Amino acid sequence: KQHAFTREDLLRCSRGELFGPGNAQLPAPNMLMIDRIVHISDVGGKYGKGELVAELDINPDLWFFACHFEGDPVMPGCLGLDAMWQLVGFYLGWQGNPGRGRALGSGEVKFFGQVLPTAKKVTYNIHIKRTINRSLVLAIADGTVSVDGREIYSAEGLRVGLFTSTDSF
Amino acid sequence: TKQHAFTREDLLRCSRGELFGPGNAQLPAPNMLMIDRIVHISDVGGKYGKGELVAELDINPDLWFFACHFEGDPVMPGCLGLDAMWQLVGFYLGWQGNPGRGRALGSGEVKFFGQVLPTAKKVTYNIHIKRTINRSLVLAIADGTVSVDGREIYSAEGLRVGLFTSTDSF
Ligand SMILES: Nc1cccc(Oc2ccccn2)c1
Ligand SMILES: Nc1cccc(Oc2ccccn2)c1
């Protein structure tokens with residue numbers, strides 16, 4: 001129904017209060033790497049099968065700058081990659097599928113730039129490639145990560161699944 | 001290139017730029033550091049005969065990322081185990097005596113087919129160096145696996161990390 005989500009919406013999601021008990025959650029701080037979803041739809045995007053656009057505000061005091069690395073601060077590439085997986089899980093919940101998310105992996109990932117503590121904003125762009133409903137539900141997507149209008153990462157074939165039991169995962 | 005195992009204190013020393021020295025490869029500090037010890041590192045053996053690292057992370061229920069990922073469904077973020085793999089490829093290149101600071105360059109293919117729960121005892125990382133490249137800058141390609149208490153749970157083909165004597169342009 002809704003086509004954008006605020007940070008307070010995402011934080012509701014992290015407690016289970018957006019999609020409800022048993023269903024997709026985002027991480028809470030300090031693993032949450034999205035502040036807002038500025039667009040989400042089941043049409044458009046590079047495959048015409050859905051799209052998400054989300055943002056993370058950067059400032060110099062975010063926790064990961066101090067420890068990664070000392071004397072050389074740079075946002076962990078893995079955390080920007082995670083934001084993309086978490087967004088694909090969110091999409092699956094947003095579509096109304098039951099169950100909890102687990103990332104299943106990726107085809108090619110490329111890092112070819114960085115997020116410094118002087119950056120203002122990271123943007124994630126997700127293009128849903130295919131949704132699969134075979135015993136369990138999953139999605140395949142391509143994503144990019146940009147910082148202040150410059151593309152810095154790409155991932156082809158992000159996969160995320162929903163699990164109504166993770167006991168055996 | 002003569003020490004073949006590293007303690008947690010060696011790895012914290014690396015995180016401060018004090019193992020390989022200033023301007024050279026570092027590991028993250030807590031709470032981004034995802035390795036407790038390197039039990040084996042060599043420039044021979046491994047699946048390609050071109051080098052190997054075996055590292056460990058001890059798991060207990062109080063590790064920070066369990067409480068926030070996720071509420072009511074605690075599970076070690078896959079991205080952090082994947083990062084460990086990249087940081088170990090970085091360390092390899094530092095350990096080989098190359099100058100410069102690490103940036104991961106990506107991966108060919110990543111698979112998660114299990115999980116680390118807060119009841120787990122130990123994660124092991126196995127890194128098989130495939131190729132080192134010296135073309136103006138230096139980088140390494142490697143395959144890797146993440147296991148928990150004996151069970152393989154993640155793989156990554158074609159991990160790439162480079163060393164950058166100037167990250168300004170990156
Ligand atoms: N929804 C979502 C997205 C990314 C990571 C994830 O957690 C994990 C953790 C371990 C194995 C696989 N996925 C869940
Ligand atoms: N040495 C090393 C290993 C893993 C990640 C990394 O950081 C990043 C951060 C942004 C872009 C690329 N690499 C550095």
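Keep in mind that the numbers below use all heavy atoms, side chains included, and drop hydrogens, waters and symmetry copies. Here is the naming used below: chain letters follow the sequence lines, and residue numbers restart at 1 for every chain.
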Contact leader toward chain A among [options], where contacts are heavy-atom pairs under 4.5 Å:
{"options": "B:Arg103, B:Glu109, B:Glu157, B:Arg101", "result": "B:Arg103"}
{"options": "B:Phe65, B:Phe70, B:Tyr154, B:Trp64", "result": "B:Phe70"}
{"options": "B:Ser155, B:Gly78, B:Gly158, B:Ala104", "result": "B:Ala104"}

Looking only at side-chain N and O atoms, does [Y] offer a donor or acceptor that is under 3.5 Å from a partner on [X]?
{"X": "B:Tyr48", "Y": "B:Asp143", "answer": "yes"}
{"X": "B:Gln3", "Y": "B:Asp10", "answer": "yes"}
{"X": "B:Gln115", "Y": "A:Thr166", "answer": "no"}

Can you say whether [X] sits under 4.5 Å from chain B via the side chain, the backbone, both, or neither, judging by heavy atoms?
{"X": "A:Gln86", "result": "side chain"}
{"X": "A:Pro29", "result": "backbone"}
{"X": "A:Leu26", "result": "backbone"}

Aromatic ring proximity, centroids under 6.0 angstrom, B:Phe113 and A:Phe169:
no
Hey, would you say the B:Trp86 and B:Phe91 ring centroids sit under 6.0 Å apart?
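Between B:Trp86 and B:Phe91, the centre distance exceeds or equals 6.0 Å.
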Side chain, backbone, both or neither: which part of B:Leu105 has an atom under 4.5 Å from a heavy atom of chain A?
both
B:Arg16 versus chain A, heavy atoms under 4.5 Å apart: side chain, backbone, both or neither?
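Looking at B:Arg16, backbone and side chain both touch chain A.
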Closest-packed option against chain B by number of heavy-atom pairs under 4.5 Å, given [options]:
{"options": "A:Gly107, A:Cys67, A:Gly101, A:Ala28", "result": "A:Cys67"}
{"options": "A:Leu81, A:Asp72, A:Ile152, A:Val74", "result": "A:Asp72"}
{"options": "A:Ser168, A:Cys78, A:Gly161, A:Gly16", "result": "A:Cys78"}

For A:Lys46, is the NZ atom crowded, meaning more than 12 foreign heavy atoms sit under 6.0 Å from it?
yes
Count the heavy atoms belonging to other residues, nucleotides or ligands that lie under 6.0 Å from CZ of A:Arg36, then report whether that count exceeds 12.
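Above 12, so yes.
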Backbone N or O of A:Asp57 within a donor-acceptor pair of the A:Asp35 side chain at under 3.5 Å?
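Yes, the answer is positive, given that a donor and an acceptor are paired below the 3.5 Å cut-off.
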